[PDB]
Amino acid sequence: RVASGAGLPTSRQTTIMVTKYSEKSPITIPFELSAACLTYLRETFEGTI
Amino acid sequence: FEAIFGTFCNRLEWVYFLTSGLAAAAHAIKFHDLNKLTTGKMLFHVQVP
């Protein structure tokens with residue numbers, strides 16, 4: 099603000115306290131696995147190569 | 050007045066393949082990848098005298 103003249107109407111206030119709210123925006127993406135993949139992943143076989 | 054005299058267990062006859070006479074007719078092979086196999090083939094090439 100600027101110091102004004104003799105009696106011109108000017109602002110009194112300092113440090114206005116406006117508040118901002120957050121805007122949400124979730125993001126989503128799926129990934130997939132098949133039954134055979136899980137069978138050969140965890141239930142490992144002590145069999146051959 | 051009820052009494053329970055005893056608990057008895059049946060002794061089964063454990064039988065194994067390689068101990069039997071029928072095993073003589075069989076050449077015994079253990080091969081884990083059999084689940085993959087579709088059709089095992091043998092092919093002979095003979096020449097008649």
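Protein chains in written order, with the authors' numbering: chain H, 99 to 147; chain K, 50 to 98. The beta carbon of each residue, even a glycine, is placed where N, CA and C say it ideally should be.
Inter-residue CB distance, residue i and residue j (contact presumed, cutoff 8 Å)
i: residue 82 of chain K; j: residue 146 of chain H; result: 6 Å
Sub-8 Å separation of residue i and residue j beta-carbons
i: residue 77 of chain K; j: residue 86 of chain K; result: no
Own chain partners of residue i with C-beta closer than 7 Å, once the 5 adjacent residues on each side are dropped
i: residue 75 of chain K; result: none
6 Å Cβ shell around residue i - same chain, five flanking residues per side excluded
i: residue 139 of chain H; result: none
i: residue 56 of chain K; result: none
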